[PDB]
Amino acid sequence: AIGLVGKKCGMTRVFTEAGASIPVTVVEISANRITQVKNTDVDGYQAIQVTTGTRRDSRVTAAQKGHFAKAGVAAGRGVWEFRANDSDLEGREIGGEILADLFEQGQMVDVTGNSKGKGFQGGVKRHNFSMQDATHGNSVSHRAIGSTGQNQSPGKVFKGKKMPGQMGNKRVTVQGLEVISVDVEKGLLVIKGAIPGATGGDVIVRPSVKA
Amino acid sequence: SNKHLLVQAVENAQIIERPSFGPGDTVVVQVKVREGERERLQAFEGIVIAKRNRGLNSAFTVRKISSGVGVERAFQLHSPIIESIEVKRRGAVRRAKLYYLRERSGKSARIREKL
Amino acid sequence: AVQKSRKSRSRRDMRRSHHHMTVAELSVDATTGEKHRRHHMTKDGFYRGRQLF
Amino acid sequence: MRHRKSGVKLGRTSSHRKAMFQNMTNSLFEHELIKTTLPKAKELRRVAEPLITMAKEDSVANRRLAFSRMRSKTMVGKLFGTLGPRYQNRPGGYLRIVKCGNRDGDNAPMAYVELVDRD
Amino acid sequence: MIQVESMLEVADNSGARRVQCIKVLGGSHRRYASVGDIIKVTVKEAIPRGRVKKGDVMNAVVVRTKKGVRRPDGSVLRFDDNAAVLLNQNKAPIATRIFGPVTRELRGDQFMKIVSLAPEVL
RNA sequence: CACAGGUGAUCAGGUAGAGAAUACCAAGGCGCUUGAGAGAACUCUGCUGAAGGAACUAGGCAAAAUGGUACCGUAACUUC
RNA sequence: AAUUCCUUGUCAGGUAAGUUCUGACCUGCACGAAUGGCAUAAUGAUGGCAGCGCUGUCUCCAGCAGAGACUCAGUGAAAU
RNA sequence: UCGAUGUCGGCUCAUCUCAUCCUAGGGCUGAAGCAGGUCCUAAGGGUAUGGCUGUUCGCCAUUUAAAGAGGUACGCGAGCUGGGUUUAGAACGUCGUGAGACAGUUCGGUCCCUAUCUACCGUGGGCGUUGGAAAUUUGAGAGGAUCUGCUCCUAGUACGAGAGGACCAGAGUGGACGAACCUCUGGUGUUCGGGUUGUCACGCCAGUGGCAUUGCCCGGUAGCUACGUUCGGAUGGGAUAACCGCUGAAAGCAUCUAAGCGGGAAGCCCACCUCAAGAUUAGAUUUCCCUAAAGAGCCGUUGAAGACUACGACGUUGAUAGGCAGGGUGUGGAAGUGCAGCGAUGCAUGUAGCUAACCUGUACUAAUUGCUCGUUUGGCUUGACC
């Protein structure tokens, strides 16, 4: 139930001997250093905290420097927690190591990332609203929202109405993705599929919850 | 070369050597075909009208006429579906892409030989 | 299109509560000792111990 | 969106933007110190610096190529005569931008563009 | 990518020359038919004293498309025309000669007759 | 109103061009009295568009399309 | 039928499917001969219907360019 | 309501009901099977495109699992349309002597408003959360999602006189819908490369540039993007609806019910995804700091982050951006020179020259240890420990 944090390196293909192209995405896995083990006695729940990447010393606060020093690890670019159970808290000690060995070839994974940000978007792109007529006398409402409600009853707009607003740049999970290849010496994780986000983004790969 | 150096490691292990060819050239591509259980090679002869050079992602489209109707196939260069490619005639064209040949049929859809 | 009642002065000022004048950051040039806008040359053309005139 | 896109618009057509940056490049080559708007100063580097790079080696093809983009025979002569053999051993960064406040007329952020090494 | 009101050549010798798609079958809001997909056609142009006449409503299978058919390696395969082969009430081919190539998407049970009768199969 | 409207006559350069059309220039005259950024939605004005090709719609509205010269050739009908 | 209420009359044609269209019938609510009748070549920014071509009209919208929108500085309305 | 509450239809966008159209669970059947018919439960999803007509509807064609009935100012014109109705022109039929008239017809006929408040979609500022800070988090709760076809197999079995033809199990493949993504297939690609028309200029030739929609045309990088790719809608748990019970008395029998014990639906509550402590009950954990600290901010270089913000990165102890260097990609064969040709032109030098946004590096330029905010051990009461 624990995963690892990597960086989206970009997309490519893997060819099979039958001549099928598999769309894959490449994840750089630096070492996931364990910075804290949360247990039920102290925190009320079981989790593993890891860090990965690096920061320069001038960019790490005194509080975070002490947090990393208590574990014995080097400061990473971020800190991520994975909810675990007694089975997961087996060989996981503070200052310990999590590599790409966590996953096997052919294992289904869930991958989470920040989607690409589209900024402010209209209803047509954000919610697949139909466009109104391009011609036929249509005035200046070609990509307009259309009606936003009923009449006097209810005399308001219902909450959760689909409107323009910020699109993308949100946490998104894609489930049911296959591990195409694992390599740990090079920190390589090759996964079948799309992987939300841009290249260089932080991605979290966990074992698939559908199973 | 255009990608993340770690994408390049995955791409470079997958490269099939093939002979060089340009747009305008007439090529024969041997395509692996699996009917039910046996595998054979089907020939695809025609003019290379376009190609995108993208390393592992390279592709080239070949245009022939098959009994009246014209067919194009955009082969993926480094795909094991491509058993082999051999260049019959070398072309002398003035442009990378020969899309104008789609409106040409006979004595007008012919390109000069390169010597 | 238009209000059904005039806005009260209190509500107009609540809208204006975010209206501030930006205050620039200032430094002292090491050579001339003159005050200047941070990351900007001085009135005399001095910036980070260098002349432009 | 604008993801990974380069270039400026500056409220102009592309023809006007090209002509104005050609004018600014020539003005900077002649006077070696100009005062302009800060976004214009930042975009001036991507046009003026490649001309100095190509003038580092003097040839007929290079001189003609510089004149194709500058259209000032005086500035092309000056470029290939002194500027290239002034930045011969400099790997880029031939001009520096110094912020110099705001314009009186419209409060536009201003900057001086100076050629390095005695402008 | 064949939709309603698109015209197709006839790749067989049923008598038809041009057919018009009046329904893409196989789904409530189904949009396009590709190679191998069953469509309802009206015969717009028929050969004199043929088996089908102008105005028949029948079944056809798309056999080649201008949009093209994708292959597992990522290659695409495009034709210069959109073509169809007329079928009977049980969606079985009604011809004894096929004109022009077809693709391997017709391989299976019902259209094996079209595949065997085609001059060339891709 | 220092207002995209209206206001009679006269003069009539060049290269293309049938042309006082049009394009680019001469003489001459101007840059149209807010600018600077940014480069969201949405609006206006344009350009390009896979496959399809009127399925849109009250209606092909709008758009797209055609477009020159020479020659060949040209139907119903006609008051010739 | 620019005239027919009943009425989308009936029959034929055109479409896969045609309250519109064309042909015909005559049961003309409620045509008809200078408030002219029936036709009619040519003509019409006239009405109806049908095709070819052509297309972002549409399936189903995408990308791009300029002017706004947005931020800064200056000036500074409106109806209510 | 007449000191004005805009009409029908369409478009866009919906929201609710259940008297349920499909899918789900059932009882009865004139239920053999396959199919149905009725009624009970069930509102979680889903629930065509066209031809005609201004139509709603309706008929028709072809589908679909199905093409539900309704409410919402017969939802929705300060969101769009303006075909009909319902101004002024004109005509026909008809009525009137007439001016005129007609739920008769016909051709034609200006749809304004920059949004204050509520609402809603997003995105910030402030303050608070018992000293302050940097992070990581629990989850009271909230939202999203919930559809379904066909093929094979069981099995040509059960059933049936035949015709036909299963349940229950299992395997695969679609349609619609949604999300992410750009490797591929394409689209676009007005600071990329060429070709080319007219004209003007750079003294001239050559070579180039301006202008003509980017002049036009042919390609095309990155990005963005769908029609491309990949993924998702769970077969699980709990309690239930109708319905079916077990045992069982009231009521020696019977009886699902009164005591007690079971089964049971796409529905309910979880489970999946997202948000979530202003959950003022403001939660938890790990570190850091307190005679201006820990930090935060301004400023600067900026980003597949973005309206402004915020958010992410970096500021010399530096690859943050530009440049530069080396690649890649695209275009397709630069200029000059030479050769061949009367010349247009062709060939060679040489896959050349150019090359946006891509990759990998590199301090050359620009990121100034400047300033501001933020302190000084965090009240009291009680208990336990000390």
Side-chain angles (χ1 to χ4, degrees), chain A residues 11-13 21 23 36 42-45 49 58 61-64 66-67 70 79 81 115-117 119-122 130-132 134-141 143-153 156-159 161 163-166 169 171-176 193-194 196 198 209, chain B residues 1-3 57 95-97, chain C residues 1-4 7 18 25 27 38-39 48, chain D residues 1-7 9 13-14 18 37 39 45-46 49 60-61 64 68 71 90-93 96-97 105-108, chain E residues 1 3-6 22-23 26-30 40 42 57 66-67 70 74 76:
Chain A
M11 256 198 106
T12 177
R13 78 216 300 187
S21 177
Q36 185 185 352
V42 164
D43 311 272
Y45 71 103
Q49 190 183 95
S58 72
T61 61
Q64 286 310 102
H67 187 50
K70 174 172 190 252
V79 170
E81 222 164 281
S115 286
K116 276 186 177 168
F120 211 121
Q121 288 305 327
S130 290
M131 284 187 78
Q132 291 165 43
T135 59
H136 283 296
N138 185 338
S139 279
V140 284
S141 62
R143 308 172 73 88
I145 287 143
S147 185
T148 58
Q150 298 87 36
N151 216 316
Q152 171 157 198
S153 187
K156 59 175 170 64
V157 178
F158 286 119
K159 178 164 307 202
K161 174 88 179 55
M163 301 183 117
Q166 167 64 40
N169 195 26
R171 187 181 147 104
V172 160
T173 290
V174 181
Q175 314 179 298
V209 77
Chain B
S1 46
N2 255 142
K3 309 275 208 203
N57 290 318
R95 55 200 63 248
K97 316 269 180 295
Chain C
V2 74
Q3 70 197 4
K4 274 188 96 70
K7 290 190 79 79
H18 301 287
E25 298 304 296
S27 304
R38 183 103 170 137
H39 293 99
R48 283 237 273 158
Chain D
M1 299 148 272
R2 200 212 46 82
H3 293 177
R4 316 273 276 179
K5 283 190 188 177
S6 259
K9 297 175 183 307
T13 67
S14 87
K18 178 193 182 153
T37 268
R45 308 172 293 173
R46 307 187 73 240
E49 292 214 40
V60 171
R64 265 169 206 209
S68 154
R71 300 297 304 188
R90 184 173 292 270
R96 69 161 53 84
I97 297 157
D106 56 325
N107 194 66
Chain E
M1 209 189 293
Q3 43 168 287
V4 178
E5 318 246 352
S6 79
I22 66 173
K23 190 62 73 223
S28 151
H29 261 248
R30 185 148 183 196
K40 208 71 185 202
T42 195
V57 179
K66 283 200 75 183
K67 184 57 165 193
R70 288 306 280 292
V76 65

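Residue numbering restarts at 1 for every chain, and letters A, B, ... go by the order of the sequence lines.
Here A/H136 counts as stacked on F/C61: its ring centre is under 5.5 angstrom from the base ring centre and the planes meet at under 30°.
Between H/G220 and B/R95, no contact under 4.0 Å exists linking OP1 or OP2 to a side-chain N or O. In terms of phosphate contacts, D/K18 brings a side-chain nitrogen or oxygen within less than 4.0 Å of OP1 or OP2 of H/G210. Of the side-chain N and O atoms in E/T42, one or more sit less than 4.0 angstrom from OP1 or OP2 of G/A16. Residue B/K3 has no polar side-chain atom (N or O) positioned under 4.0 Å from OP1 or OP2 of H/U360. Considering only side-chain N and O atoms, D/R4 lies under 4.0 angstrom from the phosphate OP1 or OP2 of H/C358. For H/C224, the OP1/OP2 oxygens have a side-chain nitrogen or oxygen of A/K116 closer than 4.0 Å. Proximity of A/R171 to the phosphate of H/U274: a side-chain N or O atom is located under 4.0 Å from OP1 or OP2. Between C/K7 and the phosphate of H/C117, there is a side-chain N or O to OP1/OP2 separation shorter than 4.0 Å. At the phosphate of H/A61, neither OP1 nor OP2 sits under 4.0 Å from any side-chain N or O atom of E/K23. An OP1 or OP2 oxygen of H/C120 is reached within less than 4.0 angstrom by no side-chain nitrogen or oxygen of A/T148. At F/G39, one or more side-chain N or O atoms of D/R2 fall inside 4.0 Å of OP1 or OP2 (strictly under the cut-off). The side chain of D/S68 contributes an N or O atom lying less than 4.0 Å from OP1 or OP2 of H/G209. Of the side-chain N and O atoms in D/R46, none sit less than 4.0 angstrom from OP1 or OP2 of H/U191. Phosphate proximity of H/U136 to A/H67: absent, as no side-chain N or O sits under 4.0 Å from OP1 or OP2.
Judged by the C1'-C2'-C3'-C4' torsion, which is negative here, the sugar of H/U317 sits on the south, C2'-endo side. On the basis of its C1'-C2'-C3'-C4' angle being negative, H/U281 carries a south sugar. H/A43 has a negative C1'-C2'-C3'-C4' torsion, placing its sugar in the south range.
As a whole-Å value, the separation of C/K4 NZ from H/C117 P is 15 Å. If you measure from atom NZ of E/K40 to atom P of H/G50, you get 19 Å, rounded to the nearest angstrom. At whole-Å resolution of the value, CD in A/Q121 and P in F/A40 are 9 Å apart. Taking atom CD of residue E/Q3 and atom P of nucleotide F/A55, one finds them 12 Å apart after rounding to whole Å. Spacing between atom CD of A/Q36 and atom P of H/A134 amounts to 18 Å, rounded to whole angstrom units. The nearest whole Å value for the distance from the NZ atom in A/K159 to the P atom in H/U118 is 13 Å.
The neighbouring residues H/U274 and H/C275 form a stacked base step, their six-membered rings being less than 5.5 angstrom apart at the centres and less than 30 degrees apart in plane orientation. Stacking check, H/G361 with H/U362: both criteria met, centre separation under 5.5 Å and interplanar angle under 30°. Neighbours G/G32 and G/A33 form no stacked pair of bases, judged on six-membered rings against the 5.5 Å and 30° limits. With ring centres under 5.5 Å apart and planes tilted under 30°, the neighbouring bases G/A39 and G/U40 are scored as stacked. Under a stacking criterion requiring six-membered ring centres under 5.5 Å apart and planes under 30°, the adjacent bases H/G233 and H/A234 are classed as not stacked.
Backbone-only engagement by E/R30 is indicated by non-hydrogen atom pairs under 4.0 Å involving sugar-phosphate atoms exclusively. Heavy atoms of A/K161 sit under 4.0 angstrom from primed sugar atoms or phosphate atoms, though from no base atom. Among the protein residues, A/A63 comes within range of the nucleic acid bases, having at least one heavy atom under 4.0 Å from a base atom.
Partner assigned to H/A284 is H/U136, using Watson-Crick or G-U wobble distances below 3.5 angstrom. Base pairing analysis places H/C11 opposite H/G79; the two distances defining the Watson-Crick or G-U wobble pair are each below 3.5 Å. Within the shown strands, nothing qualifies as a pairing partner of F/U69 under the Watson-Crick or G-U definition with both distances less than 3.5 Å. Pair check for H/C192 finds H/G219; Watson-Crick or G-U wobble, both atom distances under 3.5 Å. Across all strands shown, nothing is found opposite H/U87 as a Watson-Crick or G-U wobble partner with both distances under 3.5 Å. Nucleotide H/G295 is matched to H/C373 when pairs are restricted to Watson-Crick or G-U wobble geometry with both distances under 3.5 angstrom. With a cut-off of 3.5 Å on both Watson-Crick or G-U wobble distances, the partner of G/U19 is given as none. Across all strands shown, H/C152 forms a Watson-Crick or G-U wobble pair with H/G170, both key distances being under 3.5 Å.
Contact annotation: the side chain of A/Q36 never approaches that of A/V79 to less than 4.5 Å [non-hydrogen atoms, C-beta and beyond]. When side chains are defined from C-beta on, A/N138 does not count as touching A/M131, because their heavy atoms never get closer than 4.5 Å.
F/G52 and G/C58 are base-paired: they meet the Watson-Crick or G-U wobble geometry, with both hydrogen-bonding distances under 3.5 Å. Taken as a pair, H/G139 and H/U302 do not qualify under the rule of Watson-Crick (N1-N3 plus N6-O4 or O6-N4) or G-U wobble (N1-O2 and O6-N3), both under 3.5 Å. A Watson-Crick or G-U wobble pair links H/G178 with H/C231, each of its two atom distances being under 3.5 Å. H/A321 and H/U114 are not base-paired: they meet neither the Watson-Crick nor the G-U wobble geometry with both distances under 3.5 Å. Nucleotides H/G223 and H/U188 satisfy the base-pair criterion: a Watson-Crick or G-U wobble arrangement whose two donor-acceptor distances both fall under 3.5 Å. A canonical Watson-Crick pair (purine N1 to pyrimidine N3 plus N6-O4 or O6-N4) or a G-U wobble (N1-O2 and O6-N3), each contact under 3.5 Å, is present between F/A16 and F/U22. Between H/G245 and H/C342, neither a Watson-Crick nor a G-U wobble pair is formed under the 3.5 Å criterion for both distances. A canonical Watson-Crick pair (purine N1 to pyrimidine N3 plus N6-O4 or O6-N4) or a G-U wobble (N1-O2 and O6-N3), each contact under 3.5 Å, is absent between H/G346 and H/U97. Using the rule of two distances under 3.5 Å, H/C18 and H/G68 count as a Watson-Crick or G-U wobble pair. G/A45 and H/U213 are not base-paired: they meet neither the Watson-Crick nor the G-U wobble geometry with both distances under 3.5 Å.
With P as the reference atom, H/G84 and G/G68 are 41 Å apart, rounded to whole Å. Annotation: H/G46 and H/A14 have their P atoms spaced 12 Å apart (nearest Å). Rounded to the nearest Å, the gap between the P atom of H/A24 and that of H/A169 is 13 Å. Taking atom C1' in both H/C39 and H/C243, the straight-line distance is 13 Å, to the nearest Å. Separating the P atom of H/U365 from that of H/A348 is a span of 46 Å, rounded to the nearest Å. Rounded to whole Å, the P atom of H/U146 lies 13 Å from the corresponding atom of H/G44. Using P as the reference atom, H/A344 and H/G207 are 11 Å apart when rounded to the nearest Å. The separation of H/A352 from H/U317, taken at their P atoms, amounts to 43 Å, rounded to a whole angstrom.
One can find a donor-acceptor pair under 3.5 Å joining the base of H/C358 and the side-chain atoms of B/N2.
The 5' end of RNA chain F is approached more closely, in terms of each residue's nearest nucleotide, by A/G122 than by the other of E/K66 and A/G122. Between A/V209 and A/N151, the residue whose closest nucleotide on RNA chain H is further toward the 5' end is A/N151. Both A/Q152 and E/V4 lie near RNA chain H, and the one whose nearest nucleotide falls closer to the 5' end is E/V4. Residue A/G119 is the one, among A/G119 and A/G137, whose nearest nucleotide of RNA chain F lies closer to the 5' end (criterion: closest heavy atom).
More than 12 heavy atoms of other residues, nucleotides or ligands lie within 6.0 Å of NZ in A/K156, so this atom counts as buried by the packing criterion.
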